[PDB]
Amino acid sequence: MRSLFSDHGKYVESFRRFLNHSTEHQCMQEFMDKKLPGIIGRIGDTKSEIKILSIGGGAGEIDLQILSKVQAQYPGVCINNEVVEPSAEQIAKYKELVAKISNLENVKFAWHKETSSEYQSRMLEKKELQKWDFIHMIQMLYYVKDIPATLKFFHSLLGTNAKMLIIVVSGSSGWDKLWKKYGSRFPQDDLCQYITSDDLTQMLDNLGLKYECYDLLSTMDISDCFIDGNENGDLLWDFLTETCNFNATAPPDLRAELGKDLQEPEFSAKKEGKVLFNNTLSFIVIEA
């Protein structure tokens, strides 16, 4: 069995089928409108420049929804938004999106093609240590080698009244149970790491940092996954298992239990017509 992360193309398509069959984006957007305003309420106070650091260029459109909310609280204030993203393809796509929006004059972007870790070292090199008013790591800790050291480092870049927002799947979600029971049976990638809000809150408690945790229900429609042969129904299998051609490349004994289990309640909820997997998300906000 070859992990899904080893076939950039298969990944993408599978990843797209994920968004297209789930409330993933709507959920984050619900957060940006009903909660962010309150959170980023004073990160601009007394400053003639607002510095935003996004560790991850995959959510270009969320990065933008963020600015929107920040620009609304501080009319006229110039905003410096830096992005740390390893993938040239991601930065590229991000740039297209930026150029296609009419109205952002109070914003200056800068991209850095590197990893949160490479960026960290490079900075620890320069004598001076810059500060930020708002930092956010949306769904990318999975890809971080040393979490505790990352959490501590970026927290230390927080200026006055600054805040760091982190988003990962909730510890009370399908993902959790799924990983806890079958993870040890999927292709364990050197680069990926199954992580939920529980791991995070333990890590932050030990680190001694002060935070607040918000969970919002989100669901993934996995019905196509029960009609054997289905084209889409399998794209999602590949995503849930992050494994290339799950069906046609894995132990029948295994696919059997999952079939039974994905329909289980602690994994999904059966609603009118559809079977929804628990995609509950966690929003962690850390005070400087």
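Start at 1 with the first residue shown and count on from there.
Comparing the deposited coordinates for 138 to 146 and 85 to 93, the stretch with the larger average C-alpha B-factor is 85 to 93. Judged by mean Cα B factor in the deposited record, 235 to 243 ranks above the other of 235 to 243 and 30 to 38.
Ranking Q193, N103, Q120, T201 by Cα temperature factor from the entry places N103 first. Residue set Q73, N80, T160, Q188: peak C-alpha B-factor at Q188 (per PDB entry). Per the PDB record, residue ranking by Cα B-factor puts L129 in the highest third of the chain.
In the PDB entry, a CA B factor belonging to the middle third of its chain's modelled residues is recorded for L178. Ranked against the other modelled residues of its chain, the C-alpha B-factor of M220 as given in the entry falls in the middle third. Sort the modelled residues of the chain by CA B factor and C213 lands in the middle third. Annotation for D63: C-alpha temperature factor in the middle third relative to the rest of the modelled chain, per the entry.
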